[PDB]
Amino acid sequence: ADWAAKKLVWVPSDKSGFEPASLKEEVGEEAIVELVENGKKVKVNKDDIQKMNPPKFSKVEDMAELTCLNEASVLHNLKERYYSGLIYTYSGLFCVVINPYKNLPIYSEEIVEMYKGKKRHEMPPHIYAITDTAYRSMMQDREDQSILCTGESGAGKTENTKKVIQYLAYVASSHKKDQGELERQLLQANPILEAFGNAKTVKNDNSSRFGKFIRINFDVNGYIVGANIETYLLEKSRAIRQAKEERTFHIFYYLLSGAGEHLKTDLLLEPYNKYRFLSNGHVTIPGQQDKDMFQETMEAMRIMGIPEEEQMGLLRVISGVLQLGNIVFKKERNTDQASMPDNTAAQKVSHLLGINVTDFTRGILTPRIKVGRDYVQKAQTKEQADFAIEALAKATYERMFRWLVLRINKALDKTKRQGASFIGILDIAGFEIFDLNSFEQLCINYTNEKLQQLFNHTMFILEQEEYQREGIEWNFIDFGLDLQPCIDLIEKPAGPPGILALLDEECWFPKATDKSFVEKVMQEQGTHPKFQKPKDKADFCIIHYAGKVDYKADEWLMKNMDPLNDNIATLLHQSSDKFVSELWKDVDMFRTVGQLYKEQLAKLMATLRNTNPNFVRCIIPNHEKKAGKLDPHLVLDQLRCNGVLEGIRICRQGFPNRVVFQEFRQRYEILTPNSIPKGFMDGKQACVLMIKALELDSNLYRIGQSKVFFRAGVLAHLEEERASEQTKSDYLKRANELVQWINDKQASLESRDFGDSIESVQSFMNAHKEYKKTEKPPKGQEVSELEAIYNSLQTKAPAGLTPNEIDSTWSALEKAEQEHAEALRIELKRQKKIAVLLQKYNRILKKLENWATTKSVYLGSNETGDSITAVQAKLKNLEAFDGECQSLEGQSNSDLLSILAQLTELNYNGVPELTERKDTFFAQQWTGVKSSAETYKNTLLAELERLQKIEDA
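Heads up, the sequence shown is in our numbering, so the first residue is 3 and it goes up one at a time.
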């Protein structure tokens with residue numbers, strides 16, 4: 003919610019690669035940030051901080067749509083998708099896949115149907131979409147396709163290729179068991195090529211040292227007709243020397259430790275510590291046995307259909323390749339001609355390779371060179387003879403490998419249906435950055451530099467097609483040209499000669515050394531943009547797309563030498579061994595590995611530039627093959643190498659976040675509330691009105707036909723202001739509802755109509771106490787939280803809605819509660835005095851009512867008596883009654899007038915009614931008693947007269 007108020011950024015993290023942090027303060031070139039996780043303040047460099055995407059860009063399916071295009075945002079987007087079960091993620095053209103090390107239900111036959119004919123944006127990212135779009139582009143555009151897969155895992159890349167083939171075997175097959183045979187044979191060709199083409203390096207225990215191009219052939223109607231395997235850029239130099247902790251190709255160790263004693267004898271095999279070509283001896287591969295893998299390799303060849311005598315030819319040549327390194331030449335006394343005092347190694351080489359030892363010895367020591375018309379024998383130094391033997395071993399192993407690829411295609415492409423189109427799957431060793439980068443790493447990084455240039459150009463063509471569809475002017479040079487200077491730094495023959503050209507020149511001079519080669523690179527190429535001096539064992543640095551790479555030019559001269567002895571090549575072409583003769587059937591030296599590498603790569607790049615390229619990036623999540631565990635630095639390292647971040651750099655420089663007109667207006671109209679009329683229909687002009695209301699610089703946006711194209715970070719800022727504006731609306735809406743409640747409650751508390759009853763007044767007390775217990779506290783909390791929101795909103799206001807005005811309005815409410823409760827207590831005391839007076843008033847009357855009634859009953863008897871004294875006795879009680887009434891009359895009337903006077907002080911309504919009730923009683927009841935009292939007295943006198951008359955007689 004309040005994410006825009008935290009100023010969240012990405013800072014480097016040792017544990018998690020990057021982590022969120024709240025930017026607090028900048029001090030010059032450094033910034034103070036607060037780490038979200040533990041709240042500790044650290045100081046970091048401002049150029050180490052990377053912008054963070056808004057939460058709306060959560061688990062985006064295409065990371066080219068991120069508004070903040072950096073490596074910290076790419077890692078975060080990949081991490082969240084991975085832990086949510088999503089291993090596929092598009093990054094522009096790339097299809098990034100992170101190995102889940104699990105069996106996911108995403109490769110079902112029902113999901114294959116959901117991807118047929120669908121576009122990338124219509125479905126979640128998946129290898130099926132890459133395969134479908136490539137297949138549909140093959141049939142619509144009628145041009146061949148290529149799928150370039152990188153990754154440093156023989157398990158992840160192979161499982162991705164298996165999915166590509168399965169999708170093609172389902173969507174383009176005409177007939178099941180026959181529907182998976184193409185995959186069945188390919189899974190048998192993988193171990194065969196692996197033993198001869200893969201090797202343990204200092205960074206990968208099973209690194210493929212060649213490029214595999216699996217072509218799926220199709221007829222003119224789109225049905226699969228067959229498949230074959232092409233290979234490129236075999237690292238043949240690995241056969242003669244390897245770096246520390248590194249092995250040559252697997253097959254050498256399989257044969258040396260996996261062969262029985264009879265095969266050892268027949269192949270003249272020797273222990274590990276007698277072959278110079280095995281630099282480090284029997285380096286083992288963890289969790290694997292060279293002895294055991296030998297059977298599996300031979301097993302796969304039997305399954306493939308390769309006969310016994312052809313497998314023996316491969317083992318025999320392997321033994322011959324090793325024996326060449328055992329030949330020792332020595333410089334003789336005071337003569338530059340090389341000598342070979344011991345011919346034991348040559349006898350074994352000549353026996354294993356089916357040639358004559360004397361022809362071989364004479365052909366390396368004193369070879370014939372055709373001068374004019376005749377063969378002229380020329381001397382050879384020890385160095386020339388050594389390089390010739392090494393070049394012969396490298397060339398033989400390459401010819402043996404290429405023969406094996408042809409032999410496997412003979413099993414695969416058995417029908418040779420010859421299709422009209424193909425989809426090629428390229429599996430090449432990706433970019434390599436070791437602690438010590440040598441000649442091999444330069445050749446590898448040279449290859450991937452041109453492969454990444456194939457990507458940048460492909461993205462350039464497609465992006466140029468998008469801008470023209472939207473009518474937006476295209477003013478960009480080719481994205482592949484950004485990598486051209488680094489490529490020309492390495493490959494350019496002349497003009498500014500490349501590093502490979504400079505190396506060739508040193509290899510052709512006598513006095514030249516490794517130091518003199520570095521001197522020529524420093525002085526002739528230190529001015530190059532992509533060239534840098536190291537800062538320090540390395541000799542020079544190259545700025546690849548994957549960043550700066552340091553190189554050490556140790557032994558580069560000898561590594562670049564590749565002079566094929568045409569004399570020995572003729573001997574091997576004329577070998578008596580039928581297998582060796584087959585390896586050297588196409589034969590016929592200023593010949594270098596670097597120049598031979600350029601041509602091989604040119605053969606590959608020609609193959610690829612004649613196809614439509616697709617790109618899939620396989621990433622290892624962790625080194626423990628665990629599931630659901632992600633190594634952030636391991637992923638970051640691969641992201642820097644595979645060119646994912648290079649594509650992210652490209653669209654970061656252009657307009658990467660394209661937004662449809664109606665979507666842009668719906669999202670950001672809160673920022674532009676009064677610039678679009680109410681009956682406005684043109685959605686394109688509405689965005690023009692919104693952008694004009696935001697003062698966005700014309701360099702930040704491009705208006706298209708259906709979308710508006712924005713630079714990077716533009717949507718990040720608008721999203722920030724959107725959250726900043728909707729939190730303001732939530733404040734104003736809540737502030738109005740709070741003040742209107744306070745005004746209404748105060749207007750209610752100011753009321754003084756508390757009813758005219760004791761139960762009426764006490765009910766409003768219970769309402770006032772229930773208000774202060776249940777209704778008031780929730781509003782008081784709103785006062786505090788709104789003030790907190792306003793102060794937060796003010797750092798990153800209609801009258802009455804500022805915290806200072808709400809605080810005063812709330813105080814007037816508490817003052818209204820003050821007088822309300824006091825007024826109720828005044829009224830409750832008033833209601834009780836009335837009730838007590840009314841009860842005491844009606845008490846006096848009821849006392850007089852029964853007194854007026856009962857005494858009138860006694861008077862009604864008119865008892866005079868029977869004697870004169872008894873009549874006067876009746877007069878005694880009558881005057882007592884008369885004097886008693888005079889006291890009871892004035893006493894009650896005085897108390898009744900007092901109660902009426904007190905009720906007038908309290909402003910009682912029914913005072914005139916009470917006064918009438920008293921005046922009625924005295925005029926009716928009470929005067930009737932006083933009237934009946936005198937009638938009795940007159941009765942007591944009429945009898946008192948006649949009773950005295952009787953006595954006188």
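Don't be surprised by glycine CBs; every beta carbon is placed ideally from N, CA and C.
Could you tell me the boundaries of the beta strand (DSSP E) in which residue i lies?
{"i": "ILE621", "result": "614-621"}
{"i": "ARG217", "result": "213-220"}
{"i": "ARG660", "result": "659-662"}
{"i": "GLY19", "result": "19-29"}
{"i": "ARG704", "result": "703-705"}
{"i": "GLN147", "result": "147-152"}
{"i": "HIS459", "result": "Careful: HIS459 lies outside any beta strand (DSSP E), inside the alpha helix (DSSP H) at 441-471."}
{"i": "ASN230", "result": "226-234"}
{"i": "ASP590", "result": "Taken as a continuous stretch (DSSP letters only), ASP590 belongs to no beta strand (DSSP E), as it is neither H nor E."}
{"i": "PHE96", "result": "96-100"}
{"i": "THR91", "result": "90-93"}
{"i": "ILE427", "result": "423-429"}
Applying the criterion that 16 or more other CB atoms from any shown protein chain within 10 Å of the CB defines a buried residue, is residue i buried or exposed?
{"i": "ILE216", "result": "buried"}
{"i": "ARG713", "result": "buried"}
{"i": "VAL44", "result": "exposed"}
{"i": "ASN612", "result": "exposed"}
{"i": "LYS452", "result": "buried"}
{"i": "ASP538", "result": "exposed"}
{"i": "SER759", "result": "exposed"}
{"i": "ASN562", "result": "buried"}
{"i": "residue 956", "result": "Residue 956 falls outside the range modelled here, since the chain spans only 3 to 955, and no answer is possible."}
{"i": "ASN852", "result": "exposed"}
So residue i is in the alpha helix (DSSP H); what residue range does that whole segment cover?
{"i": "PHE581", "result": "580-585"}
{"i": "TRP405", "result": "384-414"}
{"i": "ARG335", "result": "Unbroken run through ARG335: none, as it is neither H nor E."}
{"i": "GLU115", "result": "111-117"}
{"i": "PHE251", "result": "Where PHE251 is concerned, there is no enclosing alpha helix (DSSP H), given that its DSSP letter is neither H nor E."}
{"i": "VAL166", "result": "158-173"}
{"i": "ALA814", "result": "805-861"}
{"i": "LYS550", "result": "Careful: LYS550 lies outside any alpha helix (DSSP H), inside the beta strand (DSSP E) at 549-553."}
{"i": "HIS546", "result": "Note, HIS546: premise wrong, no alpha helix (DSSP H); beta strand (DSSP E) at 542-546."}
{"i": "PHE481", "result": "It is not in any alpha helix (DSSP H) - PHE481 carries neither H nor E in the DSSP assignment."}
Report back the beta-carbon spacing between residue i and residue j to the nearest angstrom; my notes put them in contact at under 8 angstroms.
{"i": "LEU574", "j": "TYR234", "result": "Rounded, the Cβ-Cβ distance is 24 angstroms, inconsistent with contact."}
{"i": "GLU28", "j": "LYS48", "result": "7 angstroms"}
{"i": "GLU82", "j": "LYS61", "result": "5 angstroms"}
{"i": "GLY19", "j": "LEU95", "result": "So it is not a contact: roughly 24 angstroms between Cβ atoms."}
{"i": "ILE621", "j": "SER93", "result": "Contact doesn't hold; Cβ gap of about 11 angstroms is too wide."}
Where does residue i fall in DSSP's three states?
{"i": "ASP49", "result": "helix"}
{"i": "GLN290", "result": "coil"}
{"i": "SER15", "result": "strand"}
{"i": "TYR377", "result": "strand"}
{"i": "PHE436", "result": "coil"}
{"i": "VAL763", "result": "helix"}
{"i": "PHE519", "result": "helix"}
{"i": "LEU902", "result": "helix"}
{"i": "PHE682", "result": "coil"}
{"i": "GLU185", "result": "helix"}
{"i": "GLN602", "result": "helix"}
{"i": "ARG278", "result": "coil"}
{"i": "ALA33", "result": "strand"}
{"i": "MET524", "result": "helix"}
{"i": "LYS771", "result": "helix"}
{"i": "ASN738", "result": "helix"}
I'd like to know if the segment 808-821 and the segment 785-799 are in contact, where contact means that at least 3 CB-CB pairs between them fall below 8 angstroms. With a cut-off of 8 angstroms, the segment 785-799 and the segment 808-821 count as touching, because enough Cβ pairs lie within range.
Should the segment 87-105 be called in touch with the segment 152-170, which here means at least 3 C-beta pairs below 8 angstroms? Touching, per the Cβ criterion.
Counting pairs of Cβ atoms below 8 angstroms between the segment 458-477 and the segment 571-588, do you hit three or more? no
Pairing CB atoms from the segment 303-322 with CB atoms from the segment 349-368, are three or more of them under 8 angstroms? yes
Validate contact between the segment 226-233 and the segment 399-413 using beta carbons, cut 8 angstroms, 3 pairs: yes
Would you be able to state if there are at least three C-beta pairs under 8 angstroms between the segment 336-350 and the segment 382-392? yes
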